[PDB]
file coords.csv (CSV, C-alpha atoms)
chain,number,residue,atom,x,y,z
O,1,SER,CA,77.7,129.7,160.9
O,2,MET,CA,74.1,130.2,160.0
O,3,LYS,CA,74.9,132.0,156.9
O,4,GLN,CA,77.1,129.1,155.7
O,5,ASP,CA,74.3,126.7,156.3
O,6,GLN,CA,72.0,129.0,154.3
O,7,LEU,CA,74.4,129.2,151.4
O,8,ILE,CA,75.0,125.5,151.3
O,9,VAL,CA,71.3,124.7,151.3
O,10,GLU,CA,70.5,127.2,148.6
O,11,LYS,CA,73.2,125.7,146.4
O,12,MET,CA,71.8,122.2,146.9
O,13,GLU,CA,68.3,123.4,146.1
O,14,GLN,CA,69.5,124.8,142.8
O,15,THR,CA,71.4,121.6,142.1
O,16,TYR,CA,68.3,119.6,142.6
O,17,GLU,CA,66.3,121.9,140.4
O,18,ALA,CA,68.8,121.6,137.5
O,19,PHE,CA,69.2,117.8,137.9
O,20,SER,CA,65.8,116.3,138.8
O,21,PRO,CA,64.2,116.8,135.4
O,22,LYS,CA,67.0,115.0,133.7
O,23,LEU,CA,66.3,112.0,135.9
O,24,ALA,CA,62.6,112.3,135.2
O,25,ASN,CA,63.1,112.6,131.5
O,26,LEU,CA,65.4,109.6,131.2
O,27,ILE,CA,62.9,107.5,133.2
O,28,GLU,CA,60.1,108.5,131.0
O,29,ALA,CA,62.1,108.1,127.8
O,30,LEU,CA,63.3,104.6,128.8
O,31,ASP,CA,59.8,103.5,129.6
O,32,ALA,CA,58.4,104.7,126.3
O,33,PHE,CA,61.3,103.1,124.4
O,34,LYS,CA,60.4,99.8,126.1
O,35,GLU,CA,56.7,100.2,125.3
O,36,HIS,CA,57.5,100.6,121.6
O,37,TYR,CA,60.3,98.0,121.5
O,38,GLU,CA,58.4,95.5,119.3
O,39,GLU,CA,58.3,98.1,116.5
O,40,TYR,CA,62.1,98.1,116.6
O,41,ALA,CA,62.1,94.3,116.5
O,42,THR,CA,59.7,94.3,113.6
O,43,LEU,CA,61.9,96.8,111.6
O,44,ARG,CA,65.1,95.0,112.4
O,45,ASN,CA,63.7,91.6,111.2
O,46,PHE,CA,62.3,93.4,108.2
O,47,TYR,CA,65.7,94.8,107.3
O,48,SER,CA,67.5,91.4,107.5
O,49,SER,CA,64.8,89.5,105.5
O,50,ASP,CA,65.1,88.4,101.9
O,51,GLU,CA,62.0,90.5,101.3
O,52,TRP,CA,63.9,93.7,102.1
O,53,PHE,CA,66.5,92.9,99.5
O,54,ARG,CA,64.0,92.0,96.8
O,55,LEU,CA,62.1,95.3,97.5
O,56,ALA,CA,65.3,97.4,97.6
O,57,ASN,CA,66.0,96.3,94.0
O,58,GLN,CA,62.8,97.7,92.5
O,59,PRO,CA,63.1,99.5,89.2
O,62,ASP,CA,61.2,104.5,92.8
O,63,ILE,CA,63.0,106.2,94.5
O,64,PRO,CA,64.3,104.8,97.8
O,65,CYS,CA,64.3,107.5,100.6
O,66,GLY,CA,62.7,105.7,103.5
O,67,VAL,CA,62.8,102.2,104.9
O,68,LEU,CA,64.2,100.8,101.6
O,69,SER,CA,67.0,103.4,101.6
O,70,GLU,CA,70.6,102.4,101.7
O,71,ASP,CA,71.2,103.7,105.2
O,72,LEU,CA,68.0,104.4,107.1
O,73,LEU,CA,67.4,101.1,108.9
O,74,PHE,CA,71.2,100.3,109.1
O,75,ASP,CA,71.6,103.6,111.0
O,76,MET,CA,68.7,103.0,113.2
O,77,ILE,CA,70.4,99.7,114.2
O,78,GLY,CA,73.7,101.5,114.6
O,79,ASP,CA,72.0,104.0,116.9
O,80,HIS,CA,70.4,101.2,118.9
O,81,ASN,CA,73.7,99.4,119.3
O,82,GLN,CA,75.5,102.6,120.3
O,83,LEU,CA,72.8,103.3,122.9
O,84,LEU,CA,73.4,99.9,124.3
O,85,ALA,CA,77.0,100.7,124.7
O,86,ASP,CA,76.2,104.0,126.5
O,87,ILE,CA,73.8,102.1,128.8
O,88,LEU,CA,76.5,99.5,129.6
O,89,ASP,CA,79.0,102.3,130.5
O,90,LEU,CA,76.4,104.0,132.8
O,91,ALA,CA,75.4,100.9,134.8
O,92,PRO,CA,78.6,100.4,136.8
O,93,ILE,CA,78.7,104.1,137.6
O,94,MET,CA,75.1,104.1,138.9
O,95,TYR,CA,75.8,101.0,140.8
O,96,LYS,CA,78.5,102.8,142.8
O,97,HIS,CA,76.0,105.6,143.7
O,98,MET,CA,73.0,103.8,145.1
F,1,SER,CA,52.7,92.7,93.1
F,2,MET,CA,53.4,96.5,92.9
F,3,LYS,CA,50.3,97.3,95.1
F,4,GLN,CA,50.9,94.6,97.7
F,5,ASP,CA,54.5,95.9,97.9
F,6,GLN,CA,53.3,99.4,98.5
F,7,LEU,CA,51.1,98.2,101.4
F,8,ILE,CA,54.0,96.3,103.1
F,9,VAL,CA,56.2,99.4,102.7
F,10,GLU,CA,53.5,101.7,104.0
F,11,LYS,CA,53.2,99.6,107.1
F,12,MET,CA,56.9,99.6,107.7
F,13,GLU,CA,57.2,103.4,107.1
F,14,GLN,CA,54.5,104.0,109.7
F,15,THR,CA,56.2,101.7,112.2
F,16,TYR,CA,59.5,103.6,111.7
F,17,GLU,CA,57.8,106.9,112.1
F,18,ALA,CA,56.2,105.8,115.4
F,19,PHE,CA,59.4,104.3,116.7
F,20,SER,CA,62.3,106.4,115.6
F,21,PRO,CA,61.6,109.4,117.9
F,22,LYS,CA,61.5,107.2,120.9
F,23,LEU,CA,65.0,106.0,120.0
F,24,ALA,CA,66.2,109.6,119.4
F,25,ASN,CA,64.6,110.8,122.7
F,26,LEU,CA,66.2,108.1,124.7
F,27,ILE,CA,69.5,108.7,123.2
F,28,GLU,CA,69.2,112.4,124.0
F,29,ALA,CA,67.8,111.9,127.5
F,30,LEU,CA,70.6,109.5,128.4
F,31,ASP,CA,73.2,111.9,127.2
F,32,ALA,CA,71.8,114.7,129.2
F,33,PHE,CA,71.5,112.6,132.3
F,34,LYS,CA,75.2,111.6,131.9
F,35,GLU,CA,76.3,115.2,131.5
F,36,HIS,CA,74.6,116.2,134.7
F,37,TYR,CA,75.4,113.1,136.7
F,38,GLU,CA,77.8,114.9,139.1
F,39,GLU,CA,74.9,116.9,140.3
F,40,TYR,CA,73.3,113.6,141.4
F,41,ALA,CA,76.5,112.5,143.0
F,42,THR,CA,76.7,115.8,144.9
F,43,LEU,CA,73.2,115.6,146.1
F,44,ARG,CA,73.5,112.0,147.1
F,45,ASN,CA,76.6,112.7,149.3
F,46,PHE,CA,74.8,115.7,150.8
F,47,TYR,CA,71.9,113.5,151.8
F,48,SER,CA,74.1,110.9,153.6
F,49,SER,CA,76.1,113.4,155.4
F,50,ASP,CA,75.8,114.4,159.1
F,51,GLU,CA,75.4,118.0,157.9
F,52,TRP,CA,72.2,117.0,156.1
F,53,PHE,CA,70.7,115.6,159.4
F,54,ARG,CA,71.8,118.6,161.4
F,55,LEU,CA,70.3,121.0,158.9
F,56,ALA,CA,67.1,119.0,158.4
F,57,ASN,CA,66.3,118.7,162.1
F,58,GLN,CA,66.4,122.4,162.9
F,59,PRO,CA,63.4,124.7,163.6
F,63,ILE,CA,58.6,123.8,156.6
F,64,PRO,CA,61.1,122.1,154.2
F,65,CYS,CA,59.5,121.0,150.9
F,66,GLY,CA,62.9,121.0,149.2
F,67,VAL,CA,66.2,119.2,149.7
F,68,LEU,CA,65.8,119.2,153.5
F,69,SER,CA,62.3,117.7,153.3
F,70,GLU,CA,61.7,114.3,154.6
F,71,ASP,CA,61.7,112.4,151.3
F,72,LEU,CA,62.7,114.6,148.4
F,73,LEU,CA,66.2,113.2,148.1
F,74,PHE,CA,65.3,109.8,149.4
F,75,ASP,CA,62.9,109.5,146.6
F,76,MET,CA,65.4,110.8,144.1
F,77,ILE,CA,67.8,108.0,145.1
F,78,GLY,CA,65.0,105.5,145.1
F,79,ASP,CA,64.1,106.6,141.5
F,80,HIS,CA,67.8,106.4,140.4
F,81,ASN,CA,68.0,102.9,141.8
F,82,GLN,CA,64.8,101.8,140.1
F,83,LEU,CA,66.1,103.3,136.8
F,84,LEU,CA,69.2,101.1,137.2
F,85,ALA,CA,66.9,98.0,137.5
F,86,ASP,CA,65.0,99.0,134.4
F,87,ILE,CA,68.2,99.5,132.6
F,88,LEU,CA,69.5,96.1,133.6
F,89,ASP,CA,66.3,94.5,132.3
F,90,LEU,CA,66.6,96.3,129.0
F,91,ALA,CA,70.2,95.5,128.3
F,92,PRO,CA,69.9,91.8,127.6
F,93,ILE,CA,66.8,92.5,125.4
F,94,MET,CA,68.8,95.0,123.3
F,95,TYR,CA,71.8,92.6,123.2
F,96,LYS,CA,69.6,90.1,121.3
F,97,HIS,CA,68.5,92.5,118.7
F,98,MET,CA,71.7,94.0,117.4
X,1,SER,CA,110.4,84.0,106.6
X,2,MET,CA,108.5,80.8,106.7
X,3,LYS,CA,110.5,80.3,109.9
X,4,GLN,CA,109.6,83.8,111.1
X,5,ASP,CA,105.9,83.1,110.2
X,6,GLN,CA,106.0,79.9,112.1
X,7,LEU,CA,107.3,81.8,115.2
X,8,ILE,CA,104.5,84.4,115.0
X,9,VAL,CA,102.0,81.6,114.7
X,10,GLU,CA,103.5,79.7,117.6
X,11,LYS,CA,103.1,82.8,119.8
X,12,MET,CA,99.4,83.1,118.9
X,13,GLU,CA,98.8,79.4,119.4
X,14,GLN,CA,100.3,79.7,122.9
X,15,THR,CA,98.1,82.7,123.6
X,16,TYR,CA,95.1,80.7,122.6
X,17,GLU,CA,96.2,77.8,124.8
X,18,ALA,CA,96.7,80.1,127.8
X,19,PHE,CA,93.4,81.9,127.3
X,20,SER,CA,90.9,79.4,126.0
X,21,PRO,CA,90.4,77.4,129.3
X,22,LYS,CA,89.8,80.6,131.2
X,23,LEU,CA,86.9,81.3,128.9
X,24,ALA,CA,85.6,77.8,129.2
X,25,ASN,CA,85.9,77.8,133.0
X,26,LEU,CA,84.1,81.0,133.4
X,27,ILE,CA,81.3,79.8,131.2
X,28,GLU,CA,81.0,76.6,133.2
X,29,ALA,CA,81.2,78.4,136.6
X,30,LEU,CA,78.6,80.9,135.5
X,31,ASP,CA,76.2,78.3,134.5
X,32,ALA,CA,76.6,76.4,137.7
X,33,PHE,CA,76.1,79.5,139.7
X,34,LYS,CA,72.9,80.2,137.8
X,35,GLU,CA,71.7,76.7,138.4
X,36,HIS,CA,72.2,77.0,142.2
X,37,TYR,CA,71.0,80.6,142.5
X,38,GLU,CA,67.9,79.7,144.6
X,39,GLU,CA,70.2,78.5,147.3
X,40,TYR,CA,71.6,82.0,147.5
X,41,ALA,CA,68.2,83.5,147.5
X,42,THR,CA,67.1,81.2,150.3
X,43,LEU,CA,70.1,82.0,152.4
X,44,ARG,CA,69.7,85.7,151.8
X,45,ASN,CA,66.1,85.8,152.8
X,46,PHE,CA,67.0,83.7,155.9
X,47,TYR,CA,69.7,86.2,157.0
X,48,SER,CA,67.4,89.3,156.7
X,49,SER,CA,64.6,87.6,158.5
X,50,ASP,CA,63.7,88.5,162.1
X,51,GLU,CA,64.1,84.7,162.8
X,52,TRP,CA,67.8,84.9,162.0
X,53,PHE,CA,68.3,87.6,164.6
X,54,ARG,CA,66.3,85.7,167.3
X,55,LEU,CA,68.3,82.6,166.6
X,56,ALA,CA,71.7,84.4,166.5
X,57,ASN,CA,71.0,85.6,170.1
X,58,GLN,CA,70.4,82.1,171.5
X,59,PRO,CA,72.7,80.5,174.1
X,61,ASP,CA,74.0,77.0,170.7
X,62,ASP,CA,76.9,79.5,170.3
X,63,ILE,CA,78.9,79.9,168.1
X,64,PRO,CA,79.0,77.5,165.1
X,65,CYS,CA,81.2,79.6,162.8
X,66,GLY,CA,78.3,79.1,161.6
X,67,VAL,CA,75.4,80.3,159.4
X,68,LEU,CA,74.5,82.1,162.7
X,69,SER,CA,78.0,83.6,162.9
X,70,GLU,CA,78.2,87.3,162.9
X,71,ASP,CA,79.6,87.7,159.4
X,72,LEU,CA,79.3,84.4,157.4
X,73,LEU,CA,76.1,85.3,155.5
X,74,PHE,CA,76.9,89.0,155.5
X,75,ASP,CA,80.1,88.3,153.7
X,76,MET,CA,78.5,86.0,151.3
X,77,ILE,CA,76.1,88.8,150.3
X,78,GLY,CA,79.0,91.2,150.2
X,79,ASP,CA,80.8,88.8,147.8
X,80,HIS,CA,77.6,88.5,145.7
X,81,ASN,CA,77.3,92.2,145.5
X,82,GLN,CA,80.9,92.8,144.6
X,83,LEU,CA,80.6,90.1,142.0
X,84,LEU,CA,77.7,92.1,140.5
X,85,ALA,CA,80.0,95.1,140.4
X,86,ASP,CA,82.7,93.2,138.6
X,87,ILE,CA,80.3,91.9,136.2
X,88,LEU,CA,79.0,95.4,135.5
X,89,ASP,CA,82.5,96.6,134.9
X,90,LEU,CA,83.3,93.8,132.6
X,91,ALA,CA,80.2,94.0,130.3
X,92,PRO,CA,81.1,97.3,128.5
X,93,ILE,CA,84.7,96.0,127.9
X,94,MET,CA,83.4,92.8,126.4
X,95,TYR,CA,80.9,94.8,124.3
X,96,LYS,CA,83.8,96.6,122.6
X,97,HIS,CA,85.5,93.3,121.7
X,98,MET,CA,82.8,91.3,119.9
I,3,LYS,CA,63.8,72.3,168.5
I,4,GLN,CA,62.1,73.3,165.2
I,5,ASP,CA,65.1,75.6,165.3
I,6,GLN,CA,67.9,73.0,165.0
I,7,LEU,CA,66.1,71.4,162.0
I,8,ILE,CA,65.9,74.8,160.2
I,9,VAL,CA,69.5,75.6,160.9
I,10,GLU,CA,70.8,72.2,159.8
I,11,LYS,CA,69.1,72.8,156.5
I,12,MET,CA,70.6,76.2,156.0
I,13,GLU,CA,74.1,75.0,156.9
I,14,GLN,CA,73.8,72.3,154.2
I,15,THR,CA,72.5,74.9,151.7
I,16,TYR,CA,75.5,77.1,152.4
I,17,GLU,CA,77.9,74.3,152.0
I,18,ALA,CA,76.4,73.3,148.6
I,19,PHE,CA,76.2,76.9,147.4
I,20,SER,CA,79.3,78.8,148.7
I,21,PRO,CA,81.9,77.1,146.5
I,22,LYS,CA,79.8,77.9,143.4
I,23,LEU,CA,80.0,81.6,144.4
I,24,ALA,CA,83.7,81.3,145.1
I,25,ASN,CA,84.4,79.5,141.8
I,26,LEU,CA,82.6,82.1,139.8
I,27,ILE,CA,84.5,84.8,141.5
I,28,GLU,CA,87.8,83.1,140.8
I,29,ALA,CA,86.9,82.2,137.3
I,30,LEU,CA,85.9,85.8,136.6
I,31,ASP,CA,88.9,87.3,137.8
I,32,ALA,CA,91.3,84.9,136.0
I,33,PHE,CA,89.3,85.7,132.9
I,34,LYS,CA,90.0,89.4,133.6
I,35,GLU,CA,93.7,88.7,134.1
I,36,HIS,CA,94.0,87.1,130.8
I,37,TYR,CA,91.6,89.4,128.9
I,38,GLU,CA,94.3,91.0,126.8
I,39,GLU,CA,95.1,87.6,125.3
I,40,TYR,CA,91.6,87.5,124.0
I,41,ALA,CA,91.9,91.0,122.7
I,42,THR,CA,95.2,90.1,120.9
I,43,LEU,CA,93.7,86.9,119.4
I,44,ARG,CA,90.6,88.7,118.3
I,45,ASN,CA,92.6,91.4,116.5
I,46,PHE,CA,94.9,88.7,115.1
I,47,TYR,CA,91.9,86.9,113.6
I,48,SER,CA,90.6,90.0,111.8
I,49,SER,CA,94.0,91.0,110.4
I,50,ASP,CA,95.6,90.7,107.0
I,51,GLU,CA,98.4,88.9,108.6
I,52,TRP,CA,96.0,86.1,109.4
I,53,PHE,CA,95.3,85.4,105.8
I,54,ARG,CA,98.2,83.0,105.7
I,63,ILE,CA,98.0,71.5,107.8
I,64,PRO,CA,96.2,74.1,109.8
I,65,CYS,CA,94.0,73.0,112.8
I,66,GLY,CA,94.8,75.5,115.5
I,67,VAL,CA,94.7,79.3,115.5
I,68,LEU,CA,94.8,79.3,111.6
I,69,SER,CA,91.9,76.9,111.5
I,70,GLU,CA,88.6,77.8,109.8
I,71,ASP,CA,86.7,78.1,113.1
I,72,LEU,CA,88.8,78.0,116.1
I,73,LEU,CA,89.0,81.7,116.7
I,74,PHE,CA,85.5,82.3,115.3
I,75,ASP,CA,84.1,79.9,117.9
I,76,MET,CA,86.1,81.5,120.7
I,77,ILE,CA,84.5,84.9,119.8
I,78,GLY,CA,81.1,83.2,119.6
I,79,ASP,CA,81.6,81.7,123.1
I,80,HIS,CA,82.8,85.2,124.4
I,81,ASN,CA,79.7,86.8,122.9
I,82,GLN,CA,77.3,84.3,124.4
I,83,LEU,CA,79.0,84.7,127.7
I,84,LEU,CA,78.2,88.3,127.5
I,85,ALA,CA,74.6,87.5,126.9
I,86,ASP,CA,74.5,85.2,129.9
I,87,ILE,CA,76.1,87.8,132.1
I,88,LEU,CA,73.5,90.5,131.0
I,89,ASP,CA,70.7,88.1,131.9
I,90,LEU,CA,72.2,87.4,135.3
I,91,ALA,CA,72.8,91.0,136.3
I,92,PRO,CA,69.2,92.1,136.8
I,93,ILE,CA,68.5,89.0,138.8
I,94,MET,CA,71.4,89.6,141.1
I,95,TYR,CA,70.3,93.3,141.4
I,96,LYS,CA,67.1,92.2,143.0
I,97,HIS,CA,68.9,90.1,145.7
I,98,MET,CA,71.4,92.4,147.2
call {"tool": "encode", "arguments": {"input": "coords.csv", "output": "C-alpha cells"}}
result
Amino acid sequence: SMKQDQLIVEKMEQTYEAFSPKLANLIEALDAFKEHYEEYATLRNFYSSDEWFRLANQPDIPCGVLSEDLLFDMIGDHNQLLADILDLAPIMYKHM
Amino acid sequence: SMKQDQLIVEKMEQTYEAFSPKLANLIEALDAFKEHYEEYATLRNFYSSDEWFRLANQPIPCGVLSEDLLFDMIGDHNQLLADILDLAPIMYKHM
Amino acid sequence: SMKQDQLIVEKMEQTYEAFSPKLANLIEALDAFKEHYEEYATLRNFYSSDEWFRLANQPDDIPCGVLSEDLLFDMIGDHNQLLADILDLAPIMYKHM
Amino acid sequence: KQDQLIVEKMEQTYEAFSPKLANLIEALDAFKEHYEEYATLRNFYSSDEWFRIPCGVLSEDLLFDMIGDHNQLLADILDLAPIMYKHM
C-alpha cells in the first residue's frame, strides 16, 4: 500500500538523519588524529627516554607531562583505541 | 640547567595540549559510531533491496531515495575502513 | 610432587611442541605470500579487464583454464575471505600479547 | 596470436602464485585451530607456577620468543590488510 511505502521511507529518512553525522564526525576525527600523529610519537618517545626520568626526579610540582600518570594514560588510551578499531574493522568489512 | 629544562618541558606541554583533544575526540567519535552502527546496517540493507528500487523509480528525491545519497554513504563507509586499515599498523608500532 | 610438577611441565612442553610449528609455518607462509603478491595483483587486473571477457568468448575453449568461468573469480573470492579471516584474527591476537 | 602469448604468461603466473594463497589459507586456519594452546602457554609463562637442566618451556627465552614471534606476526598481518583491501 502507498501508505506503507510512505511510512517506510519516512522511517529511513529519519534513520539517515540520526546516523549520517556520526559517520561524518568519525571520518573528520580520524583524519585530524592522523594529521597530528607525530605529536603523539614525539610525546611517546619523550616518555620512554632517560631524559623523562631525570626530569621527573626534580626537587616542582609535577602535574603535567612529568606527572606520574599523564603520558602513561595517554598511551593507555591510544592502545585501547587501537583495540576498538580492530574490533570494528571485521564488522565494517561485512557491511560494504 | 633549570631554564633549559623548563623550555623542553614547555615544548612538550604544548605538544600534549595540541594533541590530546584529537585523541579524545577520536575515541568519542568512534564510540558514537559504534553505538549507532545498526542504523547504517539498516540503511545499507534498505538500499540493496528491491523495495528501494521500486520506491526510487516512482513518479524530486533529495533524501534516501535520491540517486546517490545512500551510495555515497556506503562509499564513505568503505573509504573510512581503508583509512582505518592504514592507521592500525602505524598505531601498532607506537604502543 | 616433584613427579607431579614434572607431569605439569610435560603437558606444557607437549603443548609448545604441537603449537610452535603452526606459528612458524604461518609466519613463513605469510612472508611468501607477501613476496609473490604482485602475481595476484596482475591476475586480478587481468580478470577485470575487458580483454579477459573478449578472450573468454573465443572459440580455444575451455582450458579449465585462467579463461575458465570461475578459476580467477574463486581466487579473488579466496583472497577476500582470507582478508576477512585476517580481520577476525587481529583483535584476538591483540588481546594475547 | 598475441593472445596465446598473453594467456600462457598468465597461466604460468597462476601456477606460481595459487599455492602461495592456498598455503597461507591452510596455515592460517591451522594456527586458528591451535590458538588456545598459545593462549594456555602465554598464561602459563606469566604465572606464579612458572617460577619453578631447563631448556624447553622453562627456559629463559623459549616462551618469550614465541610471544615475540606472535606479536611480530600481528604487525605483518596489519601491514598486509590494507594492501589486500585495495585489491578485492
call {"tool": "atom_distance", "arguments": {"input": "coords.csv", "atom1": "CA of residue 32 (chain F)", "atom2": "CA of residue 90 (chain F)"}}
result
19.1 Å
call {"tool": "interface_residues", "arguments": {"input": "coords.csv", "of": "chain O", "to": "chain F", "cutoff": "9 Å", "atoms": "only C-alpha atoms", "output": "PyMOL selection string"}}
result
chain O and resi 5+9+12-13+15-16+18-34+36-37+39-46+55+66-68+73+76-81+83-84+86-88+90-91+94-95+97-98
call {"tool": "closest_residue", "arguments": {"input": "coords.csv", "among": "I:92, I:16, I:9, I:73", "to": "residue 41 (chain I)", "atoms": "all atoms listed in the file"}}
result
I:73
call {"tool": "interface_residues", "arguments": {"input": "coords.csv", "of": "chain X", "to": "chain O", "cutoff": "8 Å", "atoms": "only C-alpha atoms", "output": "number ranges by chain"}}
result
X: 85, 88-89, 91-92, 95
call {"tool": "write_last_selection", "arguments": {"input": "coords.csv", "atoms": "C-alpha atoms", "output": "short mmCIF file (atom, residue, chain, number, x, y, z; two decimals), in the frame of the given file"}}
result
data_model
loop_
_atom_site.label_atom_id
_atom_site.label_comp_id
_atom_site.auth_asym_id
_atom_site.auth_seq_id
_atom_site.Cartn_x
_atom_site.Cartn_y
_atom_site.Cartn_z
CA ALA X 85 80.00 95.10 140.40
CA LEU X 88 79.00 95.40 135.50
CA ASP X 89 82.50 96.60 134.90
CA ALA X 91 80.20 94.00 130.30
CA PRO X 92 81.10 97.30 128.50
CA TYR X 95 80.90 94.80 124.30
#
call {"tool": "atom_distance", "arguments": {"input": "coords.csv", "atom1": "CA of residue 46 (chain I)", "atom2": "CA of residue 85 (chain I)"}}
result
23.5 Å
